[PDB]
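**Q**
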Ligand code: HEM
Ligand code: HEM
Ligand SMILES: Cc1cc(N)nc(C[C@@H]2CNC[C@H]2NCCNCCc2cccc(F)c2)c1
Ligand SMILES: Cc1cc(N)nc(C[C@@H]2CNC[C@H]2NCCNCCc2cccc(F)c2)c1
Ligand SMILES: C[C@H](O)[C@H](O)[C@H]1CNc2nc(N)[nH]c(=O)c2N1
Ligand SMILES: C[C@H](O)[C@H](O)[C@H]1CNc2nc(N)[nH]c(=O)c2N1
Ligand SMILES: [Zn+2]
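Residue numbers (the entry's author numbering), protein chains in the order written: chain A, 299 to 338, 350 to 716; chain B, 299 to 338, 348 to 718.
(1) According to DSSP, is residue 305 of chain A helix, strand or coil?
(2) Quick one, which of A:711, A:305, A:584 has its alpha-carbon nearest residue 421 of chain A's?
(3) Report all residues for which the CB-ligand distance to some heavy atom of ligand 3 is below 7 Å; order them along the chain.
(4) Name the residue from B:654, B:464, B:378, B:391 whose alpha carbon lies nearest to the alpha carbon of residue 432 of chain B.
(5) Name the residues in the stretch 610–642 of chain A whose C-beta lies less than 8 Å from a C-beta of chain B; which are they?
(6) Is residue 443 of chain A near ligand 7, going by C-beta to nearest heavy atom under 6 Å?
(7) Going along chain A, which residues have a C-beta under 8 Å from residue 650 of chain B?
(8) With 7 Å as the limit, tell me which residues of the stretch 681–709 of chain B have their beta carbon closer than that to any beta carbon of chain A; keep them in chain order.
(9) Where does residue 604 of chain B fall in DSSP's three states?
(10) So, do the stretch 550–559 of chain A and the stretch 434–441 of chain A have three or more beta carbon pairs nearer to each other than 8 Å?
(11) Measuring CA to CA, which of A:661, A:563, A:650, A:581 is closest to residue 708 of chain A?
(12) Considering only the beta carbon of each residue, do residue 622 of chain A and residue 650 of chain B sit closer than 7 Å?
(13) Compare the beta carbon distance of residue 484 of chain B and residue 498 of chain B with 7 Å and say whether it is the shorter of the two.
(14) Residues of chain A with a CB under 9 Å from the CB of residue 419 of chain B: which are they?
(15) Hey, residue 657 of chain A and residue 408 of chain A are a contact pair by Cβ (cut 8 Å); roughly how many whole angstroms apart?
(16) Put residue 625 of chain B into one of helix, strand or coil per three-state DSSP.
(17) For the stretch 577–602 of chain B, enumerate the residues whose C-beta is nearer than 9 Å to any C-beta of chain A, in chain order.
(18) Show which residues of chain B have a CB atom less than 9 Å away from the CB atom of residue 659 of chain A.
(19) Taking 7 Å as the threshold (beta carbon to beta carbon), is residue 388 of chain A in contact with chain B?
(20) Find the residues of chain A that neighbour residue 324 of chain B, judging by a C-beta separation of less than 9 Å, and give them in chain order.
(21) Counting only Cβ pairs nearer than 8 Å, list the residues of chain B close to residue 676 of chain A.
(22) Is the stretch 619–635 of chain A close to the stretch 658–665 of chain A, with three or more CB pairs under 8 Å?
(23) Check each residue of the stretch 301–320 of chain B: if its Cβ is closer than 7 Å to any Cβ of chain A, include it; give the result in chain order.
(24) Report the three-state DSSP secondary structure of residue 695 of chain B (helix, strand or coil).
(25) Could you say which of A:479, A:609, A:693 lies nearest to residue 672 of chain A if we only look at CA atoms?
(26) To the nearest angstrom, how far is it from the Cα of residue 563 of chain B to the Cα of residue 546 of chain B?
(27) Put residue 420 of chain A into one of helix, strand or coil per three-state DSSP.
(28) Enumerated in chain order, which unbroken segments of the beta strand (DSSP E) with a length of 3 residues or greater are wholly contained in the stretch 433–467 of chain B?
(29) If the cut is a Cβ gap below 8 Å, which residues of chain B does residue 653 of chain A touch?
(30) Pick from A:589, A:685, A:625: whose alpha carbon is nearest that of residue 418 of chain A?
(31) Please report the Cβ distance between residue 359 of chain A and residue 381 of chain A, rounded to the nearest whole angstrom; I am assuming they are in contact, meaning their Cβ atoms lie under 8 Å.
(32) Please give the ranges of any alpha helix (DSSP H) in the stretch 466–537 of chain A, keeping only runs that are unbroken, at least 4 residues long and fully inside the region.
(33) Rank B:666, B:662, B:667 by C-alpha distance to the C-alpha of residue 679 of chain B and give the top, closest one.
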């Protein structure tokens, strides 16, 4: 029932009790581990509301108080009559913060308690949504001194009146198929880009064209809006030693801001809830630039360094990969935009992990995602056993709106 | 019921049915994934199901399932179990068993090679001296003057659990570690305790950074005995870098033959508790883990110093820079001496090919992502992007506790 996790580098052993308060299903069974898989009513809502309010009132040291019981009856009275309910502001801030605290795939959670929450539940139209989003972006960006934030639109009602940001991130580069055969810009965003064009976007058709927002309010057909270019902080990519690096013409945006996830608090579902923090360096240098399925620039860079690409055993990909990632961290720092390197991020997460074990009895963590996509074993997280389980409140994936929403 | 795995780089989708033939548990539940946890006497009753299961497998593969000779072998194993409470594998079943344990080893990236295993049968062995000789011959055959060949040597099975054959070494060739009174270690820090054991069994320690440990060998549940591997048999490679000439002055070498000697081979219910096996190295095993782990030789600083990197902020990626150079050096040194080695790009790529082939012909390939993805440069290898299903097939290799923790000393 109780479980041990061992760090194999420090021999430190921790005991997890938090997993018994775990609720949703993992995908795994006694017969099969699915750890590496990316995606494995009134009667339903009240248990969910109760479990959430119980943890809320317990966190404020008021479990079994008058204010507790009374709130429990009030939600019950709202559920029985309205078939949903409304979170108080204080409950909403707690819910969002804990959804982040519980995100087993996030290395950045040491910061969980500093989330700035923007309550956009009074929003009704896409122009309304656009305004809230620009305020989010500007607030979070802070001229390069980035701050964590989430903006929460109105919750699901009947599932015919959903608020959705169709973009997967608020700031992303477009993807275009060429008559040539290959791809200009980000090949990850090719489909969405075509949905932007088919909705009426004028695409400049270059390598780094910031996509327009596609916003859906109250189940309506979604609407295009360009983000004020003055709000999109971007960094030109140079290397501190290699002069030729700048003429690759690389740039990235400072603000990572996930906008396609669904926030669940006390059985209530918030389908538009964009959140943003700041980058770990490898997210851009390793994944965005070097993934065969992304900008895939390793070939071009290795060529500029004059490495031996005759054989894989010269480790030329690995050499180029390090430099690319050195260039990313350097560029961001030189422009004073917050960024964390993978050594720093993982060390902080080990500190966070040990904080959560002593202060909560555990910390759900997905090793496959926490271990950075380069230099895994030289980061302390590699040697750290982790337990993965699903707690609520949480962020969940949701189907893309275009596969679903009717026109 | 059929399960799909997706490669997120290529969008290739594969369908697994083999997991239906899975028996043992994984450690996971619907409520918890233990996918990153390192370690999560039998009765007649259970033994015949296991035998039957295995012989059904064996006879299926040779296309003799249900034949007179398959039936006769069931009846004969049946009888042997009730008459003696155990049974004996035929030669052909042993081979086959051993190849399939490797094949089913979900943490091993080297399985494309599974069908080429040299099996040595050492089931006539009765003494520690007998074991030394079998192991020497193993090492010589597998080494093949640098042109490494996979091999397994199999000693007699467990009977009552009181008469076990064990190789107390975790690997047949490994370097000593010696903790000093000042708190530092000389040599491989992983081996400190096994070293102490060898010392107190009578090994007179040379006490250098690279002393090849003696073999400590238990036969027939007896106390084990010391033996030096003949040095002419221990192929070693001095480590140098193709461009950095100060690299050899670091004084590093490594042995060429990785040979795991602490695992338990389970086939058709029988337990072979000494089955050392050996292959060749993937370069990252030496350059990333053996040299650069903080708990191992820990040379990153010393190398980054000599490279004059900016070491005053981790954000210079000095560790990542030094790590790549050391790994370049390891592959360079092995190749120049014509000792078999494989780089991680080449090994992960071959494994992906192995894996797809296994889905087509076998209906699955159990694989453990945490272990298969290399400890550097993860996402630039094709495995990082491969979803994988992990489950337990038999025959298999299993962990077993360290013999010094369980052994009843006789004197
Ligand atoms: C503050 C700095 C932050 C850092 C350094 C960070 C880091 C990361 C990283 C590296 C990943 C894996 C990303 C990938 O490779 O695609 C991740 C995933 C995730 N992060 Fe954090 N994050 C931060 C802020 C936040 C915030 C503010 C939230 C929510 C409030 C959050 C919630 C999540 C969630 C839900 C995932 C999983 C997404 C998925 O499953 O695809 N993060 N994070
Ligand atoms: C021939 C070349 C081979 C290569 C390149 C190879 C590669 C590897 C690597 C890199 C690992 C885990 C890395 C680590 O040590 O942490 C591993 C694990 C393993 N290998 Fe292979 N291997 C090879 C041959 C074999 C052979 C001959 C066998 C047995 C017949 C075998 C069975 C296993 C087993 C059972 C594990 C799991 C070990 C554990 O769970 O700790 N391998 N292999
Ligand atoms: C808030 C925040 C801060 C930060 N530093 N980092 C993040 C990572 C985002 C989250 N989620 C994707 C990451 N961004 C990477 C963009 N690629 C898509 C990821 C993906 C791939 C395959 C399947 C799938 F469903 C999603 C968020
Ligand atoms: C035959 C062969 C060839 C090859 N290239 N490679 C191998 C890897 C061996 C097998 N298995 C690990 C490697 N041997 C190293 C010892 N393992 C330390 C990590 C560890 C820590 C704690 C518990 C545990 F189970 C393992 C074998
Ligand atoms: C905690 C974690 O599972 C452990 O450190 C594992 C991770 N992956 C590994 N993978 C390999 N190949 N070898 C190892 O020793 C480990 N260590
Ligand atoms: C197949 C595998 O699950 C997949 O490629 C995962 C592995 N780990 C990851 N880890 C992070 N942080 N981000 C990712 O997108 C992925 N992709
Ligand atoms: Zn699992």
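In this text, a Cβ means the ideal position worked out from N, Cα and C, and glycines have one as well.
**A** Reading off the structure:
(1) strand
(2) A:584
(3) A:336, A:337, A:417, A:477, A:478, A:497, A:565, A:566, A:567, A:584, A:585, A:586, A:587, A:588, A:589, A:592, A:596, A:706, B:306
(4) B:464
(5) Contact residues of the stretch 610–642 of chain A toward chain B are 621, 622, 623, 624, 626, 627, 628, 630, 631, 634, 635, 638, 642 (C-beta to C-beta distance below 8 Å).
(6) no
(7) For residue 650 of chain B, the C-beta contacts it makes with chain A under 8 Å involve 621, 622, 624, in order along the chain.
(8) 682, 683, 684, 685, 686, 687, 691, 694, 695, 696, 697, 698
(9) coil
(10) no
(11) A:581
(12) For residue 622 of chain A and residue 650 of chain B, yes; Cβs fall inside 7 Å.
(13) yes
(14) Residues of chain A passing the Cβ test: none, with the nearest at roughly 16 Å.
(15) The Cβ separation is near 20 Å, so there is no contact.
(16) helix
(17) Within the stretch 577–602 of chain B, contact with chain A at the beta-carbon level (separation under 9 Å) is assigned to 590, 591, 595, 596, 599, 600, 601, 602.
(18) Against chain B, the beta carbon of residue 659 of chain A has no neighbour under 9 Å; the closest one sits roughly 13 Å away.
(19) Nearest CB-CB separation between residue 388 of chain A and chain B: not below the 7 Å threshold.
(20) Here the neighbours are 326, 327, 328, 329, 330, 331.
(21) Chain B residues near residue 676 of chain A: 333, 334, 677.
(22) With the cut-off at 8 Å, the stretch 619–635 of chain A and the stretch 658–665 of chain A do not touch.
(23) 306, 307, 317, 320
(24) coil
(25) Just measuring C-alpha positions, the residue of A:479, A:609, A:693 sitting nearest residue 672 of chain A is A:693.
(26) 12 Å
(27) Looking at residue 420 of chain A - three-state DSSP - the assignment turns out to be helix.
(28) 458–461
(29) 621, 622
(30) A:589
(31) 7 Å
(32) 499–507
(33) B:662
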